[PDB]
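**Q** Dumping the structure here so I can ask a few things about it.
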Amino acid sequence: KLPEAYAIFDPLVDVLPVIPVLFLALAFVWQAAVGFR
Amino acid sequence: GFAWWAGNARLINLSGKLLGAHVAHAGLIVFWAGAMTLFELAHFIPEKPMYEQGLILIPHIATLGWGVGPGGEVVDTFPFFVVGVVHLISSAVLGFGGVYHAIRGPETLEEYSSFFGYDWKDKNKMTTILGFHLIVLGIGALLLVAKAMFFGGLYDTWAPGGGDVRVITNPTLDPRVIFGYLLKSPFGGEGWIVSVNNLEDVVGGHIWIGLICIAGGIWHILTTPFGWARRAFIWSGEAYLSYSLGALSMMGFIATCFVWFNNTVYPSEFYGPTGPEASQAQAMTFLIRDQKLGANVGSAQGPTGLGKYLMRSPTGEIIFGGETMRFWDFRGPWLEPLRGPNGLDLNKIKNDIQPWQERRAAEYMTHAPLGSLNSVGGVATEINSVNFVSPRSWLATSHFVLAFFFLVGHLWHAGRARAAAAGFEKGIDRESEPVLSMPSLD
Amino acid sequence: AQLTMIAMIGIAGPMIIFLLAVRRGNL
Amino acid sequence: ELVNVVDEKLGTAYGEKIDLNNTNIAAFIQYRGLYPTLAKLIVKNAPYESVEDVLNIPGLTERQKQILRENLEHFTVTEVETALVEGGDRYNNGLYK
Amino acid sequence: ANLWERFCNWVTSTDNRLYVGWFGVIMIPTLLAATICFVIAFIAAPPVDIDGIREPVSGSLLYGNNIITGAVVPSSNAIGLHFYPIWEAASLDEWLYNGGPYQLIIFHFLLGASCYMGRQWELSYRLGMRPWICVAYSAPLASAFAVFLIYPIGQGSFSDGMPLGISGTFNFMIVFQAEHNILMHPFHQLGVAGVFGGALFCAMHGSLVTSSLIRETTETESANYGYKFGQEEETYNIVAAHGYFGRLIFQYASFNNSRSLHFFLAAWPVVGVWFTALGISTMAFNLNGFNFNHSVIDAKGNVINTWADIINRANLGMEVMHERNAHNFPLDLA
Amino acid sequence: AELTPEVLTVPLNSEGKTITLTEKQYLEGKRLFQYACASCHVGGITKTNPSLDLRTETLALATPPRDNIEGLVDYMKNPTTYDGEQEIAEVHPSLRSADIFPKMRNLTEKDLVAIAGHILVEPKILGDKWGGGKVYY
Amino acid sequence: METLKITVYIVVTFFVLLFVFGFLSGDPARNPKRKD
Amino acid sequence: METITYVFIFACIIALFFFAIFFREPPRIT
Amino acid sequence: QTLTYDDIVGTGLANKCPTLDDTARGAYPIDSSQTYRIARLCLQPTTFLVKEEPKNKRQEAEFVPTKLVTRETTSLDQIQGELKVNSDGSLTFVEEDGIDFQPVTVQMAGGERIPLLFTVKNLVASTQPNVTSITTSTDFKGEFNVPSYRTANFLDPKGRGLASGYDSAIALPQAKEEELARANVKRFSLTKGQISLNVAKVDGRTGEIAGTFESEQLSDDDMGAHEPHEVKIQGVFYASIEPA
Ligand code: CLA
Ligand code: CLA
Ligand code: CLA
Ligand code: CLA
Ligand code: HEC
Ligand SMILES: CC1=C(/C=C/C(C)=C/C=C/C(C)=C/C=C/C=C(C)/C=C/C=C(C)/C=C/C2=C(C)CCCC2(C)C)C(C)(C)CCC1
Ligand SMILES: CC1=C(/C=C/C(C)=C/C=C/C(C)=C/C=C/C=C(C)/C=C/C=C(C)/C=C/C2=C(C)CCCC2(C)C)C(C)(C)CCC1
Ligand SMILES: CC1=C(/C=C/C(C)=C/C=C/C(C)=C/C=C/C=C(C)/C=C/C=C(C)/C=C/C2=C(C)CCCC2(C)C)C(C)(C)CCC1
Ligand code: OEY
Ligand SMILES: [Cl-]
Ligand SMILES: [Cl-]
Ligand SMILES: [Fe+2]
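Respectively, the protein sequence lines represent chains K, C, Y, U, A, V, I, T and O.
Letter by letter, the first sequence follows residues 10 to 46 of the deposited numbering.
Letter by letter, the second sequence follows residues 32 to 473 of the deposited numbering.
Letter by letter, the third sequence follows residues 20 to 46 of the deposited numbering.
Letter by letter, the fourth sequence follows residues 8 to 104 of the deposited numbering.
Letter by letter, the fifth sequence follows residues 11 to 344 of the deposited numbering.
Letter by letter, the sixth sequence follows residues 1 to 137 of the deposited numbering.
Letter by letter, the seventh sequence follows residues 1 to 36 of the deposited numbering.
Letter by letter, the eighth sequence follows residues 1 to 30 of the deposited numbering.
Letter by letter, the ninth sequence follows residues 3 to 246 of the deposited numbering.
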C-alpha cells in the first residue's frame, strides 16, 4: 500500500501505468485528424 | 518518399526533431518505471511473498538492498515509494524537452551549433557521440559498484543465515575469473555468464566493465575508424540502427536465460524458484517425507532399476532421481548444505536436514514456474483455485518475444541499409537490370 | 471511481488534437 | 505355471485386511491412531509370523499397545511377497492420488 | 589478381550454378555433416535411451522400423542440456546408446539453416534485388529453433526436443498438448489462422490469376504455353480478376494494386507463423494456454462442465500415460 | 440446487452440536482458503503429502478428530500429525508459527471459523471431487 | 578421441576465419550498382 | 526386403534431384 | 587434503573410490571385546565380463569382455554395516544400508546390450577363522541378493506389468494367448551372487583398507521374458572401519 498521506491518490495510481499505451493510440487520433498524410 | 505508416523515417535527416523523438521516448520509459513501481507498491502486501503478487520492479529494488532484511523480509517500503516517485517526476522533464525539440525547437541542429549537429556519414562525429555514451554507461556500471561497496551493499541469497543484505569488500579483480566466465561453454553444467553465483564476481565484473567502457569512450572520442573498418561497414543512420537492433536482440536472449536459470542476481526469495529449483525441491520433499516414514532412500531401487530418490549423474555425482536427473546442475542455498565432495551426502541427508530446508523445498515445489495465460497456477490439467504465474515465466517469455522481434528488426533494417547504400532499395532499374547483363547459368 | 480518473486522462489526448484542429494549429 | 503373484495375493487375506508383512504404509491411515508413528514401527519390524506378534515390538507404550490391540482384527499376515517389499515399495509404491 | 582476391571472387561469384557466398562457406559443411549423419542414423542407429531410464527406444530401419515409425531419437535425459560431442564419449557405442547423433544433427542443421537465411540476403545483394526474402524465411527458421533448441532449453533437456521422425513428431505434439494446453493458447490459434489463411489465399490468388488468363493458345495445347519466360507484358487481366472478385464479395474487399496484394500474400502466413513459433518458444517457459477447468459452477457450487473440461479429460489421459516409467513423484514439473 | 442452510450446517464439536454458516462466511472461508492453503491443498488434496487429504472421512479418523469446527480451528493453531503424536507447527502453517509462515499473521479468530467451515461444507457440494484428485477433475 | 577433437577444432576454426575475413574483404563493394 | 525398398526409393529421389537441378531444361529469355 | 564438490564436479572423480598409498601395508588389530562397524564401503567396478552360450554339447563358453555404455554411473558407495567377531575369530560383515546398487548396461561383440543390476544388497561377507588382525592377506568371501532389475510397477512398451498394467496383448484381441504367456505374465526374480574382497592395503593407524574384488551374478531377465546371462565383475574397493 502507498503511505497513508498519499492514500487519497490510490485510484489514480491504479490507472497511471496504462498511460504510455495511450500515447500510441494518440498517434492514430493525430493521423486521423490530418488524414494519414 | 515515405508513407504515413513509415512516417518516423521522415525524421532521418532532421536531427532536431529526431532528438525530440528520442528524448520524449526516454520520458515514456522513465514514466513506466515510475508508475509501475507505485502501482506495484499500492498493491503490495508484505505478508505474501513477492512472487505471489505479480511484482517485477519491486524485486529489482529489493535485490539492490533497499527495503529488505534477513531472509528477504520486507522491513521498510519507503525506498520503493521513493524510487517510483523520483522516476515518475523525472519523466515530466524528459517529456518536456522531448516535445519541445519535436514541435517547437530547431528542426535540424547543425545550423544552430556544430557541437550538437551531426551528419550520419561523419565517421569522426559518430564515434565521438558513441564515446560520450560509452562513458555514461561506464559511470552507470560503477554506480552499482558504489552501492555494493559504499552505500549499504546488495542482497545476498547465499549469505549464511537465510540471506541478507551484505556490503562487498573484496570484489573479484582476477581477470582469469572475470573473463573466465566469458569463455565458459553455454551448455549444461557450464552456463556461460549466466552461471555467476556470487556477488564478489558480480561486483568485480562491473568494475572491469566500467573501466573498459570509459577507456573505450575516450578511445573513440580521440580516434576515427581505421580503413579496414571503413571498408567493412555501411555508414548511414539506418545501418547504425540495424547494428543496435542486433545488439538489443542478443541481449534480450541472454536476459531471458538469466532470469530463467540464475538465482543469484535474481533471488528466488523475490522472483520465486527456478524451473530446475522447483523440480529439485519436489524430489527433496518426498525424500524427506519417505525417510521420516522409515524409508532407506539410499538403497531404494525404483521401477526402472535406477534409484527411486538418489542416483548418479553421468560423471558420478550423487543426485536426485526421477525426471529431475536433468536438473542436477542446479545449485541453491537451501540445498548446498547437503552436498559433499561426491554430490549429495547420504550421511547429511539421514541426519542433518533442518525444518527450514523442509519448508523451503515444500514452498518452492508448490510455486514451480508453471501456469496458464489467465494465471491459473500449476500444470495445465490443474483446476482453478490458485492465482499464480511466476515472475520468471513472465520475464522470460516477454523478453524472448521482444528479443525475437528485434532480431527480425535487425534483418529488416540491415538488408534495407545495404540496398539503400548501393542504390536499389526502391526496385530494379528496367533499363539496367543486372541479371540481363549476366550470362545464363545453362 | 477509478473510471473517473481514466476518463479525465483519456479525454486529454483527443482534446489537444481537437483544440489544435479548431485553432487551425500545426497538425 | 506362469502366474502373476500380485493378482494371486489379492485372492488371500491380503485382499481384505492390512497385511503386516506386505501392505504399503499408507493403508494404515484407514484406522485411527496408527499413522504415522505405529505404522513406521510396524513396517520397520516386519515380518511377523502372527498378527499377535506386533504387540512384542520393543519400545511400545501401553497406549500404543492399546491402539494395536483394538485394531488386531483389521490386520493379517501372509508370506512375504518379494515383488511387494522390494524397491522400498512398502514406503512408496508409486501411487499418489 | 592476388590469390586471396581470386578466391573471394569465386565465393561471391554470380556465375556459379549454385551460389556459394560467405554464408555458404559455413552452410555447406554444416548441412552436409547433418545430412550424412541423419541418413546413416535413420537407417542403422541402435536404440537410444531418450528418457535416461535405461529403456532404449528403437528408431532406425534396420532395428524394426518403417518410414513412418522411424526416427533419430533425442539424446538421453541423463545428459539434460550438457554438450555431448563424440569426443566426450568413452566410445561410439556409448555415444550411440545415449543419443549423441541427435545433438550432432540438430546443431549442424540449425547453424546451416541460419546461414541459409543469410545466403538469401547475400545473393539478393549481388543481384541488385530488394533484400527481404530472408525475412519471410525467418518464420520457418524460428519454428525450427523453437522445437529443437528453445523448448529443450526451457525444459532443461534435449530429450524433450522434437524427434527427427514422423511418429516422433506426433509424440511431441500429443505430449505438448497435455503439458501446455497449446490448443487453448492464442499464439497457436494465430498460427492456425496463418496456415489456414495462407492455404486459402494461395488457392484464391492462384484461381483468380488462372481465371483471368488472356487467350493466347488453342484448345489443343496447354494454356501455359501462352506465357514465354521474360515477356514484358502481363499474362492475365487483373482488372477482370478485380471485377470478378469485387463482385463476389463487394468492390472494396478486392485488391486492384498487385504490389499491395502480393505484400498481403507475404505478410499473412509469415506473421501467423512468427506467432506460432513464439508460442512454442514461450510455452518453453511454461506460460501455457488458457485454463478454464471448472470455470462454470452453479448456484450451489456444482461444477458445470464445458467443452474446456472435456479437453482437460483428454489432456489428463495423455499426461498420465506419457513416459509411463520416468516419473517417481506426483508432479511432472518439466 | 442452491446453498441452503442445510448444506451450510456443519458439526461444531465432537459432542454433536452443529453450527449453521452464512453464505457470506462460506464465501469468506473460500477466499481465505485460496489465500493461505490452496497452494498445497487445492481441491482438498495435499500436494506435498498426497496420502493425507481434507475429505471429511479422513478428518473424522484423525486423532483429535478434525471433522468439526473446533478440531479444525485447533489444528490451525497447533497442527499435529494424524495420530496426534507430534506437533508440526514448524513445517505446517499455523498461528503458533506465523513468524515463519507470514500469511497466517493477519488471520483473526473468525477467519479460522470460516476456513474451517469451507473445508467442511465443500465435500457436501462436490462429493468425490473434494480430495479425489485428478481422477475426478 | 583426442585426435578427433583436435581435427574438428582446426576444421571449424578454418571455416570461421574464412567467413570473417571474407566479409572483411570489401563486401559492400561486391554489388552490381555502386562499388565503394 | 522392406529396408532395402525404403532405401531404394529414397536413393531414386536423390538421383532425381541431381538431374532436375543440373539437367533441367534451361530457361531461355523471350 | 580433501577436495570440494566444485573441484570434483564433472571430472568423473565422483565415481571413483578413495585409494590408499602403496606404503599402507600395516595391520588393523581386532579386539573381540570390542564391536566394530564399516563406516563406508566403496566398490568401483573396472571390468565387466559376460559368459557366452556355447550352443553345442559340453563346451562351456568363456567370459568375454564388454564395453560399458552407461558412463561413470557404476560405483557402489556409502555402504555401512556391522563387523562382527565370530566365536572362531572370523569376522563377518553384515551390510545394513547404502547406495548398494547401480544399473549398468554393457555391450557384447555383435551389438547385444546386457543390462544388469550391479549390487551387493544384503551382503554377508566373512573371513577365515583366527583373524585378530586385518592384514594385506585378509580375504572376505560372501554372498548377496540380486533382485529383479525392474521392480513391480515397471510397464513394458505395450503397457504390461506385474503390479500394474495390462494382462494381455491388447493390440492382438483375438490372438491365441498361449504363445504370448511368457511376455504377458511378468515375474519378479530374486537370485544370489558371490563376491570376494581381497585386502591389499591397510592403514593400521586410521582403519582404512583397500583392495580388489570379484563378483559373479546374473544379468537382467526382463521380468522373465528371457534367460539371464552370467556376469563377472572386477574392480577395486575401499572401506573404513570404526569401533562401534
Ligand atoms: C514514441 C512514439 C513516437 C514519437 C516520439 C514520435 C515523434 C515524432 N513523429 Mg512519429 N509516429 C509514431 C510514433 C512516434 N512518433 C507512430 C506510432 C506513427 C504511426 C501512426 C507515427 C507516424 C508519424 C508520421 C506520419 C509523421 C511522424 C512525425 C513525427 C515528428 C513530428 C510530429 C509532429 O509535429 O506532430 C505534430 C502533432 C501535434 C502538434 C499534435 C499534438 C502532439 C503532442 C506532442 C501530444 C503530446 C501530449 C503530451 C501529454 C504532452 C505533455 C506535455 C508535458 C510534458 C509538459 C516527431 C519527432 C512527422 C515527421 O517526421 O515530421 C517530419 C510525420 O510526418 N510520425
Ligand atoms: C540527450 C538529450 C538532449 C540533447 C542532446 C539536447 C541538446 C540541446 N538542447 Mg535540449 N533538452 C533536453 C535534452 C537534450 N537536449 C531535456 C531533457 C530538456 C528539458 C529540460 C531540454 C530542453 C531544452 C530547451 C528548453 C532548449 C534546449 C536546447 C538545446 C540545444 C542547446 C543546449 C545547450 O547549449 O545547453 C548547454 C548545456 C547545459 C546548459 C548543460 C547544463 C548542465 C546539465 C543540465 C547537466 C545534465 C544532467 C546530467 C548529465 C544527466 C541528467 C541527470 C538525470 C539522469 C537525473 C542542444 C541542441 C535549446 C535550443 O535548442 O535552442 C533553440 C533550448 O532552448 N533543450
Ligand atoms: C557500444 C560499444 C561499442 C561500439 C558500437 C564500438 C564500435 C566500433 N569500435 Mg570500439 N570499443 C568499445 C566499444 C564499442 N565500439 C570499447 C568499450 C572499447 C575498449 C575495449 C573499444 C575498443 C576499440 C578498438 C581498440 C577499436 C574499436 C573499433 C571500433 C569500430 C570497428 C568495430 C568492429 O570491427 O567490430 C567487429 C568486431 C571484430 C572485427 C572482432 C570481434 C571479436 C569478438 C570478441 C568476437 C566475439 C563475439 C561472440 C560471437 C559473442 C560472444 C562474446 C565473446 C567475447 C565470448 C566501430 C566503430 C576499431 C576502430 O576503428 O577504432 C578506431 C578498433 O580498432 N573499438
Ligand atoms: C529501436 C527500435 C526501432 C526503431 C527506432 C525503428 C525505426 C524505424 N523503423 Mg523499424 N522495426 C523494429 C524496431 C525499430 N524500428 C523492429 C523490432 C521491427 C520488426 C518488427 C521493425 C520493423 C520495421 C518495418 C517492417 C519497417 C520499419 C520501418 C522503420 C522506420 C519507420 C517506422 C515508423 O514510422 O513506424 C510507424 C509505426 C506504426 C505504423 C505503428 C506500429 C504498430 C505496432 C506494429 C503495433 C504494436 C502493438 C503492441 C504489440 C501492443 C498491442 C496493444 C494494443 C493496445 C495496441 C523507422 C526508421 C519502416 C522502414 O523501413 O522505413 C525505412 C518499415 O517499413 N521497421
Ligand atoms: C504446504 C506448504 C501446505 C500448506 C500451505 C497448507 N498445508 Fe495443510 N498439510 C500439509 C501437509 C504436508 C500435511 C500433512 C501433515 C502431516 O504430516 O500430518 C497437511 C495436513 C493438513 C491437515 C490434516 C489433514 C488430515 O488430517 O486428513 C489439515 C486439516 C490441513 N493441513 C489444513 C490446512 C489449512 C487450513 C491450511 C491453510 C491455512 C493449510 N493446511 C495449508 C501441507 C500444507
Ligand atoms: C512527439 C509526439 C508524440 C510523442 C509524445 C511523447 C511520447 C511525449 C511524452 C511525454 C511525457 C513522458 C510526459 C510525462 C508527463 C509526466 C507528468 C506530467 C508527471 C507528473 C507527476 C505528478 C504530478 C505526480 C504526482 C504524485 C506525486 C508527486 C506523489 C505520488 C502521487 C502522485 C502520483 C499524485 C506522439 C506520439 C504523441 C505524437 C507525435 C508527436
Ligand atoms: C559485468 C559482469 C561480468 C563481466 C562481463 C564482461 C567482462 C563482459 C564482456 C563482454 C564482451 C567483451 C563482449 C564482446 C562482444 C563481442 C561481440 C558481440 C562481437 C561482435 C562481432 C560482430 C557483430 C562482427 C561482425 C562482422 C563480421 C564478423 C565480419 C566483418 C563484418 C562485421 C563487422 C559485420 C561477469 C560475467 C564476470 C559477472 C557478472 C557481471
Ligand atoms: C502522470 C500524471 C499526469 C499526466 C498525465 C498524462 C501524461 C496524460 C496523457 C494522456 C494521453 C496521452 C491521452 C491520450 C489518449 C488517447 C486516446 C483516447 C486514443 C484513442 C484512439 C482511438 C479510440 C482510435 C480510434 C481509431 C482511429 C482514430 C483511426 C483508426 C481506427 C481506430 C478505430 C483505431 C497528470 C497530469 C494527470 C497528473 C497526475 C499524474
Ligand atoms: O512431458 Mn512430461 O514433462 Ca516434459 O519431461 Mn516431464 O515428463 Mn518427460 O521427458 Mn519427455 O516429457
Ligand atoms: Cl511418451
Ligand atoms: Cl519424477
Ligand atoms: Fe502472383
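Cβ coordinates follow ideal geometry from the N, Cα and C atoms, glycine included.
Exposed or buried, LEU106/A, counting other C-beta atoms within 10 Å across all chains shown (16 or more means buried)?
**A** For the purposes of this step, residue 106/A is identified with residue 96 of the fifth sequence, where counting begins at 1. Around the beta-carbon of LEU106/A, 16 or more other beta-carbon atoms lie within 10 Å, marking it buried.
**Q** What are the start and end residues of the alpha helix (DSSP H) that includes residue 477/C?
**A** Absent from the model: residue 477/C. The displayed extent of chain C is 32 to 473, so no value can be given.
**Q** Which of the three DSSP states, helix, strand or coil, is assigned to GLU98/O?
**A** Translated into positions along the ninth sequence, residue 98/O becomes position 96. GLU98/O falls in the strand class under three-state DSSP.
**Q** Under 8 angstroms: do the region 123 to 136 of chain C and the region 75 to 86 of chain C share three or more Cβ pairs, one atom per stretch?
**A** no
**Q** Is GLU87/V close to chain U? Criterion is C-beta to C-beta, closer than 8 angstroms.
**A** To locate residue 87/V, count along the sixth sequence from 1; it is residue 87. For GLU87/V, not one C-beta of chain U is nearer than 8 angstroms to its own C-beta.
**Q** Around ligand 4, which residues pass a check of Cβ closer than 5 angstroms to any of its heavy atoms?
**A** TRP36/C, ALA37/C, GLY38/C, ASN39/C, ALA40/C, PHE436/C, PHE437/C, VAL439/C, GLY440/C, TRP443/C
**Q** I'd like the span of the alpha helix (DSSP H) that includes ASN147/O, first residue to last.
**A** Within the ninth sequence, numbered from 1, the residue matching residue 147/O stands at position 145. Segment 141 to 149 is the beta strand (DSSP E) holding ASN147/O; no alpha helix (DSSP H) there.
**Q** May I ask you to check if the CB of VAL306/A is nearer than 7 angstroms to at least one heavy atom of ligand 12?
**A** Translated into positions along the fifth sequence, residue 306/A becomes position 296. Not one heavy atom of ligand 12 is found less than 7 angstroms from the C-beta of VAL306/A.
**Q** Compute the minimum distance between the beta carbon of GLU333/A and the heavy atoms of ligand 10, and state whether it is under 7 angstroms.
**A** Here the question's residue 333/A lines up with position 323 in the fifth sequence. Answer for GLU333/A: yes, Cβ within range of ligand 10.
**Q** Excluding the 5 residues preceding and the 5 following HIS441/C in the sequence, name in chain order all residues of the same chain whose CB lies nearer than 7 angstroms to its CB.
**A** Within the second sequence, the letter at position 410 stands for residue 441/C. The residues are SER273, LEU276, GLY277, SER280.
**Q** Pull up the distance between the alpha-carbon of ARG207/C and that of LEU213/C, whole angstroms please.
**A** Counting from one through the second sequence, the residue named residue 207/C turns up at place 176. Counting from one through the second sequence, the residue named residue 213/C turns up at place 182. Approximately 10 angstroms between the Cα atoms of the pair.
**Q** Mind checking if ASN415/C is an interface residue toward chain U, Cβ cutoff 8 angstroms exclusive?
**A** Numbered from its first residue, the second sequence carries residue 415/C at position 384. Taking Cβ atoms only, chain U never reaches closer than 8 angstroms to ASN415/C, which makes this a no.
**Q** Could you pull out every residue in the same chain whose Cβ sits closer than 8 angstroms to the Cβ of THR46/V, ignoring the five residues on either side in sequence?
**A** Counted from its first residue, the sixth sequence places residue 46/V at position 46. Taken in chain order, the residues that qualify are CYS40, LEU52, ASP53, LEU54.
**Q** Determine which residues of the region 67 to 80 of chain U have a Cβ less than 7 angstroms from any Cβ of chain O, and write them out in chain order.
**A** none
**Q** Who are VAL234/C's beta bridge partners in DSSP?
**A** Locating residue 234/C in the second sequence gives position 203, where the first residue counts as 1. Bridge partners of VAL234/C: none, in fact.
**Q** Of the residues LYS238/A, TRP131/A, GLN113/A, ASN191/A, which one's Cα is nearest the Cα of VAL439/C?
**A** Here the question's residue 439/C lines up with position 408 in the second sequence. For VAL439/C, the closest of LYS238/A, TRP131/A, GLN113/A, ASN191/A by C-alpha to C-alpha distance is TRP131/A.
**Q** Please name the residue in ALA81/A, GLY289/A, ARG64/A whose C-alpha comes closest to that of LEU72/A.
**A** To locate residue 72/A, count along the fifth sequence from 1; it is residue 62. That would be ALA81/A, whose Cα lies nearest to the Cα of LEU72/A.
**Q** Cβ of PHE37/K less than 8 angstroms from any chain C Cβ?
**A** In the first sequence, the residue the question calls residue 37/K occupies position 28. No, no contact with chain C.
**Q** At least one CB of chain I closer than 8 angstroms to the CB of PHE455/C: is that the case?
**A** The residue you call residue 455/C lines up with position 424 of the second sequence. At least one chain I Cβ lies under 8 angstroms of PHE455/C.
**Q** Please identify the residue among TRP63/C, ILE43/C, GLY51/C, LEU45/C whose C-alpha is closest to the C-alpha of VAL30/K.
**A** Sequence index remark: in the first sequence, residue 30/K carries index 21 (1-based). Out of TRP63/C, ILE43/C, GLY51/C, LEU45/C, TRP63/C has the C-alpha closest to the C-alpha of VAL30/K.
**Q** At a CB-CB cut-off below 8 angstroms, which residues of chain A make contact with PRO50/V?
**A** Taking the first residue of the sixth sequence as position 1, residue 50/V is located at position 50. Simply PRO340.
**Q** Tell me which residues share the same chain as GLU74/O and place their Cβ nearer than 7 angstroms to its Cβ, disregarding the 5 neighbours each side in the sequence.
**A** Here residue 74/O refers to the residue found at position 72 of the ninth sequence. Once the five neighbours on either side are set aside, the close Cβ partners of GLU74/O are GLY14, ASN17.
**Q** DSSP three-state label for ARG136/A, please.
**A** Translated into the one-based positions of the fifth sequence, residue 136/A becomes position 126. In this structure, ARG136/A counts as helix in the three-state DSSP scheme.
**Q** Starting from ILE125/V, trace the beta strand (DSSP E) both ways and give me its first and last residue.
**A** Taking the sixth sequence and counting its residues from 1, one reaches residue 125/V at position 125. From DSSP, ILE125/V is part of no beta strand (DSSP E) but of the alpha helix (DSSP H) over 109 to 126.
**Q** Can you tell me the Cα-Cα spacing of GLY101/U and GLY237/O, whole angstroms?
**A** Sequence index remark: in the fourth sequence, residue 101/U carries index 94 (1-based). Sequence index remark: in the ninth sequence, residue 237/O carries index 235 (1-based). Taking the straight line from one Cα to the other gives about 34 angstroms.
**Q** List, in order along the chain, the chain O residues whose C-beta lies closer than 8 angstroms to that of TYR107/A?
**A** One-based indexing of the fifth sequence puts residue 107/A at position 97. Near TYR107/A (Cβ distances below 8 angstroms), the residues of chain O are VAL71, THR72, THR107, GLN109, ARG115.
**Q** What did DSSP end up calling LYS379/C once you bin it into helix, strand or coil?
**A** Mapped onto the second sequence, residue 379/C falls at position 348. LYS379/C: helix per DSSP, three-state reduction.
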